[PDB]
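Peer 1: Have a look at the structure that comes next, please.
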Protein chains: 2
Amino acid sequence: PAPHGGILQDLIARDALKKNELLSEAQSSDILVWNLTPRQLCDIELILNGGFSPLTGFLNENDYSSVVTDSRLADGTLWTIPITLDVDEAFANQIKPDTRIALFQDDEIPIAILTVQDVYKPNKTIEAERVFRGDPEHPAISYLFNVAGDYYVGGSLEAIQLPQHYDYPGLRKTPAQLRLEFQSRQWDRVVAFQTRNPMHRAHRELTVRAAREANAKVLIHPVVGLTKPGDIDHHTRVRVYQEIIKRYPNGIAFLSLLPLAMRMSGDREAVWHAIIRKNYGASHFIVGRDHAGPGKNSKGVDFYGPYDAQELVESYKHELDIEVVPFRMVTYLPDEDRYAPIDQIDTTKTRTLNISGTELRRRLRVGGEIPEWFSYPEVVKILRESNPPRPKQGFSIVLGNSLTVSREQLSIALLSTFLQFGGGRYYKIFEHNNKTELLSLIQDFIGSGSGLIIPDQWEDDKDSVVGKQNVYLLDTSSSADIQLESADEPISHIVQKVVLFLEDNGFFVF
Amino acid sequence: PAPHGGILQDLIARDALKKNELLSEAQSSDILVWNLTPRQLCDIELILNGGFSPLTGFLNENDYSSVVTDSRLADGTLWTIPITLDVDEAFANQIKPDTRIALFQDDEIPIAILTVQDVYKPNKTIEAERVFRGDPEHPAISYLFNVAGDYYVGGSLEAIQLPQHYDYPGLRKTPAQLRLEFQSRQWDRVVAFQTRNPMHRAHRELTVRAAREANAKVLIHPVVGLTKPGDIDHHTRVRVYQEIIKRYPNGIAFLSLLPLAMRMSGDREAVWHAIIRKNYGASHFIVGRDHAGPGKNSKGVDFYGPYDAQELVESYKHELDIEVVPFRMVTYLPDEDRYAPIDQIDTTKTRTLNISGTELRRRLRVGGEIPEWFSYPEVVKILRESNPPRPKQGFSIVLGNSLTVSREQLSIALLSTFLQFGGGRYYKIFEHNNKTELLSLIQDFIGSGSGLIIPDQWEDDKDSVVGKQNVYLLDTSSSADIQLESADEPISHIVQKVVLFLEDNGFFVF
Ligand SMILES: [Ca+2]
Ligand SMILES: [Ca+2]
Ligand SMILES: [Ca+2]
Ligand SMILES: [Ca+2]
Ligand SMILES: [Ca+2]
Ligand SMILES: [Ca+2]
Ligand SMILES: [Mg+2]
Ligand SMILES: [Mg+2]
Ligand code: NA
Ligand code: NA
Ligand code: NA
Ligand code: NA
């Protein structure tokens, strides 16, 4: 269909003949420079390549206010997520309307020149409530208060280049490029599938069925910009998508990566997704159950209703100009060796099988079997490599402050003891001396599968520097992961406590 | 580099705004229509998409003569293979200069309108000698005399559409499209690999080494138009290329199919290939040993010298504008578990392993093991599926004219006997009654793995309708494949002769 607003705002194309000129200006000594943050880089790529058509810059207060309260740009164009350039006061103060500033990536690569229209301090309390529903635990609200700048700079953009990416050069198609890929294949009906997770057998099945019903080709369009905290890394996911696209009938599907920064904003995000896929050339779009939903908060309540997304999108159906295809999740029928829509089974007493996210996680943690009816083996293999089981995981044992036994001797005893076991894990007594440059390497060694023996705790104000995954405290305190009977417990008894704790937790298998 | 002659003659693009107009003219009742032959469709696709730049039509006698004797178009542009529209006298007679004719595909799809410049009867004796070296057994000479029309029609072309292909819509990139694929990846150095065969480990290794040495990305550019008689079908080959492109380091290679009709014209063809790859956007090209060579003739003499191609291309190096990369075929070193250039091994007593085409064919025929050091198992699997071993091959037993025993009873006895054996082969007593519509199905049943029992021979002037592969004559004549001791040999003795012949040839395994 036609881009949202009618014209694809591909600014790279629009400004092609101004590239040298804009680059020189961006590099002039007198121009103010703002280094884009990771989320701003995702957003600016989508504005610059027309993925956010009709947007041609970051929203000034006029459009922003209208999006916050009315889900529309000031001119009435449907638009549910505010895209703004958030900066701190020190920068906002040296800015005024008409000022032209250079926007860089990594303080080295000029990306665009922004012509300032306005500078404002938005009420982040109202934004959180009106756009993200108010729950302080909502990923977007957490970001909005703890990470985002307090000042928004509205303005028009002129393109120099899209944010630099060295991985997957072939798969990161812009809207113009994707439309040409579809055109060269004579594809005029394409149904897009959104995802920020690995794809299992059920997803392959549901997308092929969607294609069959809409008489459309398939576009697997995963998000590789920012997704939900804790999600599988995009490199692992892309490997999974590259593997699964090979399981579709030849010529039915195309894989392209979307550098979007999701807000995990449920229904409003679903509408935003529909618009973006339309800009990218899709004729149809699948809106999932709890689409773009961040789950439940700490008290167990849903941030969004499971069908809020499908209902909001349905309310705007007459002006979206992209067909939404009903979501028919499928499940496996052992006795029939096939998959069927969950809305069509049971009631007649029919056996079904499924593996939840929690169960999948468990199996990967213990190195357990994962059935081919659930996920293609080549996909499972990829997931195991990126998320190895306990016998292959790294860890750290921290000698707590309470210890009065020799820390040097206890560290040496632990190292010598661990070196007896087979397995191939690399071990090291690691002294950080409370230095950030050393503390930040702890998770790097753990991520490499190594076992670190840390002779002393770091100061509390350094905690934030060390991730807590697989880090265990050996101490007398009740908070200790491995509790000592006493501060001067004999070294040989301490060693045994540690070895048995590690075995009980799967790090050692005998 | 720049297209040959300086401008990409993409006629589809040039004539975009004349499509409706040309289509209507092509469909007018008064215009003369020529239905393109399979080779002409390969050639016209390359002219129309700019693959044959600077050509914009089929060569008139002026350019043709110059190509035949001087390897150049009349204006001096290097061009070694004549591309002409060959027709029969009946058609050539109703043609004259300035006449506009419609060129169709399958007598139904309008492809282009040709404005006639001239009509001529070339001396096919001189063409065969000057362009293809004169050997009546040269694939091109055989085609030139037995298939090609005796009259050539020179003229300029206006495009309606490229020849229709329903398979591999995604991989058949035109020169303009391929250049855009390279541009979107920022690839400015690309080395192209020509092939009309399956690719084994050695080819993957040689292309990656070429890429390393030329600091270029890899373009696997196989021919899928017309190749050498007897070659593996392009569907099987494309499956092999799709499988092997996955064995290159991520982001190093691109697969695109070339709808070229090779002439198997060695050195001249190698030069033509260099020009075509340049038109398609490649910066480098690999010229093989006996590149595009059809092998040896019946007397065992080479149609071309093994280095004639590399030498002819080297002679034109200063005007080709595409770098030719030296061909370094590799071989496997068992004791070192690696591949090395054959020009760098031995002399120092080094063990090497290789599997020739004859040996590979043998192994596929008997169902023998094919080592992973030679070819990736997934590739081997594809080749076995397309070329199944004897126990899975079809066949026909023809009851010869000499037989005086009951043909009905002997056919029934053979069928009942064959049905005892396991295996899954389907059997049928097949009466053709000398009808072409039935005779032409014999190889279709054999190709499906079936065993046919044919009660009588067809007339000699129908032989050409039935392929000879796996068709066996049971008769008293010395020419019989299964020789009868006498015309009235007892049915049970005949049955045993046939069963044992089939077992000896691998069709039955007990
Ligand atoms: Ca703040
Ligand atoms: Ca719920
Ligand atoms: Ca004590
Ligand atoms: Ca003739
Ligand atoms: Ca030779
Ligand atoms: Ca007799
Ligand atoms: Mg980018
Ligand atoms: Mg075609
Ligand atoms: Na820097
Ligand atoms: Na709700
Ligand atoms: Na017809
Ligand atoms: Na020679």
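Residue names in the structure tokens use chain letters A, B, ... in the order shown, residue numbers from 1 in each chain, and ligand numbers from 1 in the order shown.
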According to DSSP computed on the backbone, where in region 41-214 of chain A is there alpha helix (DSSP H)? Give the residues as an NGL selection string.

Peer 2: :A and (41-48 or 61-70 or 89-92 or 124-132 or 139-146 or 175-184 or 201-214)

Peer 1: Mind dumping a table of every chain B residue within 7 Å of ligand 8, with the nearest atom pair and its distance in Å to one decimal, using only C-alpha atoms and all ligand atoms, sorted by chain and rising number, as CSV?

Peer 2:
residue,atom,partner,partner_atom_place_in_ligand_line,distance
B:45,CA,ligand 8,1 (Mg),6.4
B:162,CA,ligand 8,1 (Mg),5.0
B:163,CA,ligand 8,1 (Mg),4.1
B:164,CA,ligand 8,1 (Mg),4.6
B:165,CA,ligand 8,1 (Mg),4.8

Peer 1: Which residues, written as a VMD selection string, have at least one atom at most 10 Å from region 249-251 of chain A, with only C-alpha atoms counted and residues fewer than 3 positions away on the same chain left out?

Peer 2: (chain A and resid 185 208 217 to 218 245 to 246 254) or (chain B and resid 167 to 171)

Peer 1: When the cut-off is 7 Å and you count only C-alpha atoms and all ligand atoms, which residues lie near ligand 11, shown as a PDB file with C-alpha atoms, in the first residue's frame?

Peer 2:
ATOM      1  CA  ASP B 106       5.320 -20.124 -26.328  1.00  0.00           C
ATOM      2  CA  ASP B 107       3.184 -18.598 -29.119  1.00  0.00           C
ATOM      3  CA  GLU B 108       1.390 -16.630 -26.431  1.00  0.00           C
TER       4      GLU B 108
END

Peer 1: How would you write, as an NGL selection string, the set of residues no farther than 12 Å from ligand 4 when counting only C-alpha atoms and all ligand atoms?

Peer 2: :B and (86-89 or 121-125 or 141-152)

Peer 1: Using C-alpha atoms, can you write the selected residues to a file as a PDB file, in the first residue's frame?

Peer 2:
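again.pdb, freshly written:
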ATOM      1  CA  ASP B  86      17.939 -17.548 -36.992  1.00  0.00           C
ATOM      2  CA  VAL B  87      14.749 -18.299 -38.913  1.00  0.00           C
ATOM      3  CA  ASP B  88      13.667 -20.542 -41.808  1.00  0.00           C
ATOM      4  CA  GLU B  89      13.183 -19.495 -45.445  1.00  0.00           C
ATOM      5  CA  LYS B 121      21.715 -16.374 -45.398  1.00  0.00           C
ATOM      6  CA  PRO B 122      25.036 -16.851 -43.643  1.00  0.00           C
ATOM      7  CA  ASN B 123      27.700 -19.317 -44.678  1.00  0.00           C
ATOM      8  CA  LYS B 124      27.351 -21.753 -41.778  1.00  0.00           C
ATOM      9  CA  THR B 125      30.534 -23.477 -42.959  1.00  0.00           C
ATOM     10  CA  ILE B 141      28.358 -26.711 -34.781  1.00  0.00           C
ATOM     11  CA  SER B 142      25.891 -29.531 -34.252  1.00  0.00           C
ATOM     12  CA  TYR B 143      23.365 -26.876 -33.151  1.00  0.00           C
ATOM     13  CA  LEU B 144      24.332 -24.510 -35.965  1.00  0.00           C
ATOM     14  CA  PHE B 145      23.578 -27.082 -38.693  1.00  0.00           C
ATOM     15  CA  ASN B 146      20.905 -29.355 -37.257  1.00  0.00           C
ATOM     16  CA  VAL B 147      18.852 -26.862 -35.222  1.00  0.00           C
ATOM     17  CA  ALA B 148      19.517 -23.230 -36.193  1.00  0.00           C
ATOM     18  CA  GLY B 149      17.610 -21.560 -39.016  1.00  0.00           C
ATOM     19  CA  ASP B 150      19.486 -20.813 -42.235  1.00  0.00           C
ATOM     20  CA  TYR B 151      18.520 -17.153 -42.337  1.00  0.00           C
ATOM     21  CA  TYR B 152      19.605 -14.462 -39.862  1.00  0.00           C
TER      22      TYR B 152
END

Peer 1: Using CA of residue 320 (chain B) and CA of residue 53 (chain B) as the two end points, give the distance in Å to one decimal.

Peer 2: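 Computed distance, CA of residue 320 (chain B) to CA of residue 53 (chain B), equals 12.9 Å.
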
Peer 1: I want to know what sits within 8 Å of residue 80 (chain A), based on only C-alpha atoms, with residues of the same chain fewer than 3 positions away left out; could you give that as a short mmCIF file (atom, residue, chain, number, x, y, z; two decimals) with N, CA, C and O atoms, in the first residue's frame?

Peer 2:
data_model
loop_
_atom_site.label_atom_id
_atom_site.label_comp_id
_atom_site.auth_asym_id
_atom_site.auth_seq_id
_atom_site.Cartn_x
_atom_site.Cartn_y
_atom_site.Cartn_z
N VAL A 67 -0.01 13.56 19.97
CA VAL A 67 0.21 12.12 19.98
C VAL A 67 -0.08 11.59 21.39
O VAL A 67 -0.75 10.59 21.56
N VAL A 68 0.41 12.29 22.41
CA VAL A 68 0.19 11.84 23.78
C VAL A 68 -1.29 11.73 24.18
O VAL A 68 -1.72 10.73 24.78
N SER A 71 -3.33 10.36 20.11
CA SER A 71 -2.82 9.29 19.25
C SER A 71 -2.77 9.76 17.80
O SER A 71 -3.01 8.98 16.88
N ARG A 72 -2.48 11.04 17.61
CA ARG A 72 -2.40 11.59 16.26
C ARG A 72 -1.42 12.76 16.23
O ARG A 72 -1.18 13.40 17.26
N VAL A 131 0.44 7.43 27.55
CA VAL A 131 0.97 6.56 26.50
C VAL A 131 1.28 5.13 26.93
O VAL A 131 1.02 4.18 26.18
N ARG A 268 -1.05 0.49 21.72
CA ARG A 268 -0.53 1.62 20.94
C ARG A 268 0.64 1.16 20.04
O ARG A 268 0.75 1.60 18.90
N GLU A 269 1.50 0.28 20.56
CA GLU A 269 2.64 -0.19 19.78
C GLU A 269 2.18 -1.02 18.60
O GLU A 269 2.75 -0.92 17.51
N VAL A 271 -0.50 -0.62 16.86
CA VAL A 271 -0.95 0.29 15.83
C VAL A 271 0.29 0.87 15.13
O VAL A 271 0.33 0.98 13.91
N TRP A 272 1.29 1.25 15.92
CA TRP A 272 2.52 1.82 15.39
C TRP A 272 3.18 0.78 14.47
O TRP A 272 3.63 1.11 13.36
#

Peer 1: Name all residues at most 7 Å from residue 74 (chain B) (count only C-alpha atoms; drop same-chain ones fewer than 4 positions away) and give them as number ranges by chain.

Peer 2: B: 62-63, 66

Peer 1: To check your reading of the model: which residues sit at most 9 Å from ligand 2 when counting only C-alpha atoms and all ligand atoms? Write the answer as a PyMOL selection string.

Peer 2: chain A and resi 290+295-296+300-306

Peer 1: I need the residue nearest ligand 12 from this list: B:224, B:310, B:442, B:236. Use only C-alpha atoms and all ligand atoms for the distance.

Peer 2: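 For ligand 12, the nearest of the given residues is B:310.
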
Peer 1: Mind pulling up the distance from CA of residue 191 (chain B) to CA of residue 216 (chain B)?

Peer 2: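 Straight-line distance from CA of residue 216 (chain B) to CA of residue 191 (chain B) works out to 6.0 Å.
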
Peer 1: Run DSSP on the backbone and tell me which residues of region 263-372 of chain B come out as strand (DSSP E); list them as JSON, numbers by chain.

Peer 2: {"B": [284, 285, 286, 323, 324, 325, 330, 331, 332, 333, 338, 339, 340, 341]}

Peer 1: If you count only C-alpha atoms, which residues fall within 8 Å of region 427-432 of chain B, apart from same-chain ones fewer than 5 positions away, as number ranges by chain?

Peer 2: B: 411-412, 415, 418-419, 438-439, 450-456, 458

Peer 1: Just write the chosen residues, N, CA and C atoms, as a JSON list (two decimals), in the first residue's frame.

Peer 2:
[["chain", "number", "residue", "atom", "x", "y", "z"],
["B", 411, "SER", "N", 4.83, -61.63, -21.30],
["B", 411, "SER", "CA", 4.71, -60.33, -20.61],
["B", 411, "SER", "C", 4.12, -60.52, -19.23],
["B", 412, "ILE", "N", 3.09, -61.33, -19.18],
["B", 412, "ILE", "CA", 2.43, -61.66, -17.93],
["B", 412, "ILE", "C", 3.42, -62.39, -17.00],
["B", 415, "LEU", "N", 5.85, -59.80, -15.58],
["B", 415, "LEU", "CA", 5.19, -58.95, -14.58],
["B", 415, "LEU", "C", 5.01, -59.68, -13.24],
["B", 418, "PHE", "N", 8.44, -60.16, -11.59],
["B", 418, "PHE", "CA", 8.95, -58.93, -11.00],
["B", 418, "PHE", "C", 8.19, -58.53, -9.74],
["B", 419, "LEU", "N", 6.88, -58.73, -9.74],
["B", 419, "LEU", "CA", 6.09, -58.34, -8.57],
["B", 419, "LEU", "C", 6.46, -59.12, -7.30],
["B", 438, "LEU", "N", 2.16, -42.41, -27.05],
["B", 438, "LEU", "CA", 2.44, -43.42, -26.03],
["B", 438, "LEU", "C", 3.94, -43.67, -25.94],
["B", 439, "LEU", "N", 4.61, -43.68, -27.09],
["B", 439, "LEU", "CA", 6.05, -43.92, -27.14],
["B", 439, "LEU", "C", 6.82, -42.86, -26.36],
["B", 450, "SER", "N", 9.93, -46.59, -12.76],
["B", 450, "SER", "CA", 9.11, -47.75, -13.09],
["B", 450, "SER", "C", 9.72, -48.75, -14.07],
["B", 451, "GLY", "N", 9.22, -49.99, -14.00],
["B", 451, "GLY", "CA", 9.70, -51.03, -14.89],
["B", 451, "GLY", "C", 8.60, -51.38, -15.88],
["B", 452, "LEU", "N", 8.88, -51.17, -17.16],
["B", 452, "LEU", "CA", 7.91, -51.42, -18.19],
["B", 452, "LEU", "C", 8.24, -52.69, -18.94],
["B", 453, "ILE", "N", 7.21, -53.44, -19.29],
["B", 453, "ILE", "CA", 7.39, -54.65, -20.08],
["B", 453, "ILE", "C", 6.65, -54.30, -21.38],
["B", 454, "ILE", "N", 7.39, -54.17, -22.46],
["B", 454, "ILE", "CA", 6.85, -53.77, -23.76],
["B", 454, "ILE", "C", 6.83, -54.98, -24.68],
["B", 455, "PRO", "N", 5.62, -55.49, -24.96],
["B", 455, "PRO", "CA", 5.39, -56.67, -25.80],
["B", 455, "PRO", "C", 5.81, -56.69, -27.27],
["B", 456, "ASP", "N", 6.12, -55.53, -27.84],
["B", 456, "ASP", "CA", 6.58, -55.48, -29.22],
["B", 456, "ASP", "C", 7.36, -54.22, -29.52],
["B", 458, "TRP", "N", 8.70, -50.95, -31.64],
["B", 458, "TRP", "CA", 8.07, -49.89, -32.40],
["B", 458, "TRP", "C", 8.80, -49.86, -33.76]]

Peer 1: Compile the contact shell of residue 285 (chain A) as a PyMOL selection string: residues with an atom at most 7 Å away, counting only C-alpha atoms, same-chain residues fewer than 6 positions apart removed.

Peer 2: chain A and resi 191-193+274+323-325

Peer 1: Between CA of residue 277 (chain A) and CA of residue 258 (chain A), what is the distance in Å, rounded to a tenth?

Peer 2: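 Between these atoms lies a distance of 9.5 Å.
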
Peer 1: Which of these, A:209, A:133, A:239, A:228, has the shortest distance to chain B once you count only C-alpha atoms?

Peer 2: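 Checking each of A:209, A:133, A:239, A:228 against chain B, counting only C-alpha atoms, the winner is A:239.
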
Peer 1: Using only C-alpha atoms and all ligand atoms for the distances, tell me which of A:341, A:482, A:85, A:403 is nearest to ligand 3.

Peer 2: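 Among the listed residues, A:403 lies closest to ligand 3.
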